[PDB]
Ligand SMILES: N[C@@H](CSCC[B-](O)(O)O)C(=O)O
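Let's start with one chain on its own, the form deposited without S-2-(boronoethyl)-L-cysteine, as structure tokens.
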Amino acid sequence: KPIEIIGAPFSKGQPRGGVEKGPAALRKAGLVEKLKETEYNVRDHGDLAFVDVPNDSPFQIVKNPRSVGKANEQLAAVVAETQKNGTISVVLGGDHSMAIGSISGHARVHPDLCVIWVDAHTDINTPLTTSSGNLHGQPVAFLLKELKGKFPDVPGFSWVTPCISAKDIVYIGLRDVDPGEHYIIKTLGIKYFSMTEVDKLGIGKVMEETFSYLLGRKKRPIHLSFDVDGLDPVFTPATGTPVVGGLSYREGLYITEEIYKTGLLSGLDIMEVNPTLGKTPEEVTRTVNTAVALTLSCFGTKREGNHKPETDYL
């Protein structure tokens, strides 16, 4: 199978600059070369150049709508392109608003895909419910079929078509949900595993259940959108919105190893790595290294070890 890396050095979805440096830091850490060591064919598409929309006035509370909408339209085009050729798309953020383009493009080719969202947040604030006009906290609102017409059309997003329903998404790691968002997920009946279900069940059973929920009836492509703040700040401190009490490095790797085993991974997002938010160089290195480890894990790297087939090492 083929892997295509696409860097989305974008940050207008939130107020903290620096996430645009994310793809660079990940490449600098040897992400691409380490992936070539796996059984996959790797092709680096490079970073996308995002044109800045001048005079991008905020829409009500929503900041940089046009700049975010345009960058996402462009990303969706690139992703649909790679997906069409039958390759696996790996997007390196950038803030989480880029999931709009990533998932949209992916869904054009695989309309029946399901999404596993790993994040401390639901990121499902609608333009009417946000306390800040920050779009990184609103991706899922733009993708749900059930949220269509429940919020005014935003400048720059008219190309978007709600591709997935409430039945096709599962959240893992939740621990910082606004009252509005919580209202939404309860009302829509969206399956989730907050830190409390993880604590109650253990990560092993959490994965068993998300799989029987999403793949029980039909086997379909999986899109894993991974916000690095889903792990505890001790492992991924260099992020914009760290929340204590998160998934451990072990649980994170467990998630990715189980996904790899399904043989159904189709799209992957490694989002919110912000190299400029590390208090010490080691905090940055810690964050990058774990992002890299999770990516490699999605593609076969096992903790029990790996050996090349047909090679008699004796």
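Note that residue numbering begins at 1 and tracks the sequence as displayed.
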(message) Mean CA temperature factor from the deposited coordinates, higher in 285-293 or in 22-30?
(response) 22-30
(message) I need to verify one thing: averaged over C-alpha atoms only, is the B-factor higher for 241-249 or for 55-63?
(response) 55-63
(message) If I read the C-alpha B-factors straight from the PDB entry, which of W117, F151, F235, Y192 is highest?
(response) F151
(request) Could you say which of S97, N85, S102, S225 has its CA atom at the highest B factor, as listed in the PDB entry? (result) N85
(message) Where does the C-alpha B-factor of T129 rank in its chain, lowest, middle or highest third?
(response) highest
(request) Would you mind checking where the Cα B-factor of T256 ranks among the modelled residues of its chain, as the lowest, middle or highest third? (result) lowest
(message) Going by the CA temperature factor in the PDB record, which third of the chain does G300 belong to: lowest, middle or highest?
(response) lowest
(request) Divide the modelled residues of the chain into thirds by Cα B-factor and specify which third, lowest, middle or highest, holds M271. (result) middle
(request) Sorting the chain's modelled residues by C-alpha B-factor, tell me whether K218 ends up in the lowest, middle or highest third. (result) highest
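Beyond what is shown, the protein has a form solved in complex with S-2-(boronoethyl)-L-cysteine; the following relates to that form.
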(request) Name the residue from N125, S89, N72, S225 that puts a heavy atom within 4.5 Å of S-2-(boronoethyl)-L-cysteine in the entry with it bound. (result) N125
(request) May I ask you to state whether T241 is within 4.5 Å of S-2-(boronoethyl)-L-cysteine in the entry with it bound, using heavy atom distances? (result) yes
(message) Even though the partner isn't displayed, in the entry with it bound is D178 close enough to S-2-(boronoethyl)-L-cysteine, meaning a heavy atom within 4.5 Å?
(response) yes
(request) Spell out, yes or no, whether the shortest heavy atom distance between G173 and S-2-(boronoethyl)-L-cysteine in the entry with it bound is within 4.5 Å. (result) no
(message) I'd like to know if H106 sits close to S-2-(boronoethyl)-L-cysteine in the entry with it bound, meaning any non-hydrogen atom pair within 4.5 angstroms.
(response) no
(request) Would you point out which of 184-192, 203-211, 114-122, 152-160 contains residues with a non-hydrogen atom within 4.5 Å of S-2-(boronoethyl)-L-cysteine in the entry with it bound? (result) 114-122
(message) Need the contact residues for 86-108: heavy atom within 4.5 Å of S-2-(boronoethyl)-L-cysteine in the entry with it bound, sequence order, or none if there are none.
(response) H96
